[PDB]
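Residue numbers (the UniProt record's numbering): 90 to 419. For reference, the structure discussed in these notes is given below.
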Amino acid sequence: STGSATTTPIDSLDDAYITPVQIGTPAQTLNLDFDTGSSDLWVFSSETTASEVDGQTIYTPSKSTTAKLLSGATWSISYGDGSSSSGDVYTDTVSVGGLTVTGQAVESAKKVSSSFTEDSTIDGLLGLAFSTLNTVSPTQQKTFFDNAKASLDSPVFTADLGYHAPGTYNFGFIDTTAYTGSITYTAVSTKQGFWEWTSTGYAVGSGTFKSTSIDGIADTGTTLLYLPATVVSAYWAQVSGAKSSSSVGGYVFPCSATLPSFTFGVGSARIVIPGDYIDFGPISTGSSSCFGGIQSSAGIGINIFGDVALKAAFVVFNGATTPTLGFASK
């Protein structure tokens with residue numbers, strides 16, 4: 090089997106991408122944030138504290154004839170700075186573009202943190218990291234991809250995110266018309282539960298490519314590109330007036346600037362992120378100071394190849410017995 094679904098930016102800045110997902114019988118369609126950096130499929134629901142729902146579409150398990158409460162099971166995900174989302178667990182039928190998994194664990198939120206309430210465009214998350222990170226207790230549950238894997242024509246999914254435009258998630262096949270040239274595959278460490286790999290280096294604009302190993306994760310659930318401070322300084326040095334601001338919490342640059350591209354290495358191949366992808370707009374409405382899309386990973390503990398990087402590429406998440414990651418230009 091295979092499935093395909095269009096993923097769409099939630100706003101004019103590509104702050105995140107939502108993909109429609111059918112849950113239950115009859116289907117309830119929720120717009121989920123497909124997240125290769127986490128491993129829980131969790132949703133706003135009829136059980137979510139009423140004052141914490143503000144425009145989101147909810148899953149109502151009592152209206153699904155295939156929903157079954159997973160007895161005694163709970164989940165909780167904590168955020169590095171902001172509270173937590175948590176709840177109970179059902180099993181139900183989940184389909185993405187008709188690709189169907191029966192008995193998928195669907196984590197129903199009883200509480201969500203404030204940032205989720207405040208974002209009416211995201212009805213929940215569909216995790217696509219490795220199932221070792223799934224938070225359900227006392228019985229860990231499998232991701233949608235893990236449950237689908239054996240049925241798929243190939244045990245793979247691909248991310249083709251758009252800049253200011255819709256994109257595609259495909260499961261089970263490689264659309265060879267979606268990229269240019271060849272796909273370069275690179276090794277993955279699954280020990281931390283992420284799609285963790287090593288970039289071979291970087292270049293700023295038309296400058297010299299610097300060969301240096303950059304370990305990090307391919308994370309569709311993170312907006313920006315987080316890299317070591319030396320790399321980030323080399324990039325912003327090329328933007329007149331750009332500087333790291335402690336109060337804002339990262340690099341800002343004059344909105345009038347024209348940003349250079351940024352190139353990252355995958356083996357001997359090169360992925361070029363156009364400068365326009367690095368502009369995240371005014372720090373506050375009406376400001377002429379803009380927020381950069383490449384930021385230091387210093388406080389994070391890991392480098393993150395988030396949407397700013399991934400949307401420049403066609404990305405293959407190969408879940409074969411030894412997983413690998415593929416990148417092609419597009």
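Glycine is no exception: its CB is placed at the ideal position from the N, C-alpha and C atoms.
Checklist entry - Taking the alpha-carbon positions, what's the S333 to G296 distance? => result 22 Å
Item to check | Straight-line Cα distance separating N223 from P98 | outcome: 26 Å
Checklist entry - Cβ of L217 within 9 Å of Cβ of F205? => result no
Item to check | For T247, three-class secondary structure by DSSP | outcome: strand
Next on the checklist: When you compare the CB of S134 with every CB in chain D, is at least one pair closer than 9 Å?
Outcome noted: The structure shown has no chain D; it contains just one protein chain.
Checklist entry - Sorry if obvious, but does the Cβ on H253 come closer than 8 Å to a heavy atom of the ligand GDP? => result Absent from the structure shown: the ligand GDP. Ligands present: none.
Checklist entry - What do you reckon, are the CB atoms on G176 and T137 nearer than 9 Å? => result yes
Checklist entry - Out of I272, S134, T410 and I383, which has the shortest C-alpha to C-alpha gap to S278? => result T410
Item to check | Inter-stretch contact (C-beta, 8 Å, three-pair minimum) for the stretch 120-134 and the stretch 335-343 | outcome: no
Checklist entry - So what does DSSP say about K238, is it helix, strand or coil? => result helix
Checklist entry - Which residue from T273, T309 and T265 puts its Cα closest to that of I393? => result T309
Item to check | Straight-line Cα distance separating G256 from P371 | outcome: 25 Å
Next on the checklist: Suppose contacts are defined by Cβ-Cβ distances below 9 Å. Is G294 in contact with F351 by that definition?
Outcome noted: yes
Checklist entry - Quick check: the stretch 95-112 against the stretch 266-284, are there 3 or more CB pairs under 8 Å? => result no
Checklist entry - In three-state terms, what does DSSP make of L217? => result coil
Item to check | Distance between beta carbons of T247 and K419, contact taken as under 8 Å | outcome: Contact doesn't hold; Cβ gap of about 11 Å is too wide.
Checklist entry - For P363 versus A318, is the C-beta distance shorter than 9 Å? => result no
Item to check | Reduced DSSP category for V201 - H, G, I as helix; E, B as strand; rest coil | outcome: coil
Item to check | Under the three-state DSSP convention, the category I166 falls into | outcome: strand
Checklist entry - Is there contact here, the stretch 174-191 with the stretch 151-160, by at least three beta-carbon pairs under 8 Å? => result yes
Checklist entry - So what's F233 in DSSP terms, helix, strand or just coil? => result helix
Checklist entry - How should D103 be labelled, buried or exposed, when 16 other C-beta atoms within 10 angstroms of its C-beta is the threshold for buried? => result buried
Checklist entry - Which residue or residues does DSSP assign as beta-bridge partners of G113? => result Note: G113 sits in no beta bridge, so no partner.
Checklist entry - Would DSSP call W325 helix, strand or coil? => result helix
Item to check | Where the alpha helix (DSSP H) containing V404 begins and where it ends | outcome: Note, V404: premise wrong, no alpha helix (DSSP H); beta strand (DSSP E) at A402 to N407.
Checklist entry - How is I383 classed by DSSP in three states: helix, strand or coil? => result strand
Item to check | Residue ranges of each alpha helix (DSSP H) within the stretch 299-345, 4 or longer | outcome: 318-325
Next on the checklist: Run through the DSSP bridge pairs and tell me what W286 is partnered with.
Outcome noted: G305
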